[PDB]
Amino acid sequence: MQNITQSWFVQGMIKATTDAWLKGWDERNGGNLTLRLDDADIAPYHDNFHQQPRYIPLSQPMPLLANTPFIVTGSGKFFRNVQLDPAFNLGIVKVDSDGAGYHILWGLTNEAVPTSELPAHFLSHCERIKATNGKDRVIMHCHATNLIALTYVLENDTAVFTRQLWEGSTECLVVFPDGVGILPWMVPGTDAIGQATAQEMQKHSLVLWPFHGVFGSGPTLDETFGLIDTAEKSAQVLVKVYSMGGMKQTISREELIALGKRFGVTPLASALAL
């Protein structure tokens, strides 16, 4: 068997974190990324697992995740470095049969631990599993520059923020018809911010943390990365437009309605009504 570092999921984690680094979204240890796998993905690589996997409790019981393996970024690790030493910067964890904690099956070497935003990640996976009938498998957080800047100048309201982001690139309503949930500012690395994010994830695939960054959910690494890249691209356009004095013209409600009809998506009602 090829080494686990050559697997699609390890290579995918390297590509996504490295790409995010090059985008300027992941200074220092900013950002974190978790991908839900199946047993069948990791089973063939069992020979590469730790001889005595470390056990760490979860922040709270998560029985929906019982027996579920994930590949995750490590706490304090730099996205820039993942490509240089995957086992030091990433790991595979498997939640136990009670959903009480997990074993570190591979990686997170040298006493590394999973991201300190694990509550936000795993609680959000739970809500997205329920919301998408098990389709979504990735939660990604990064410090997307223009989205962050917009949280200082736009009303921090789901409808307003969704509507502006839809306007800032035509594809946006098709890529995120459910819109972008916006939380109040909250203290990072807490179960509060984690659960608040998970609750927003019931209704949206994107959640903004004002003055901080973004969370996205999707079925694959590429589709989740691309979801965030789309919102951030729209944000980039908007920052330019606002810097030039604002919109002289823009995508109208009628045009958004026609767009939704053509692509068979139902646009978030509150954002459309503006």
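Start at 1 and count along the sequence shown; that's the residue number.
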item	value
Average Cα temperature factor in the PDB entry - higher stretch of 91-99, 172-180	91-99
Of 142-150 and 198-206, the stretch whose C-alpha atoms average the higher B-factor in the entry	198-206
Largest Cα B-factor, entry values, listed residues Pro114, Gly76, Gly134, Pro119	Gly134
Member of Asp222, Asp229, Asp41, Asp26 with the greatest C-alpha B factor (per the PDB record)	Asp41
Where the record places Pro57 (Cα B-factor, split into thirds across the chain)	highest
Chain thirds of CA B-factor: placement of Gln51	highest
Cα B factor band for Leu65 (lowest, middle or highest third within the chain)	highest
Third assignment of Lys130 from its chain's C-alpha B-factors	highest
CA B-factor placement of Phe263, once the chain's modelled residues are sorted into thirds	highest
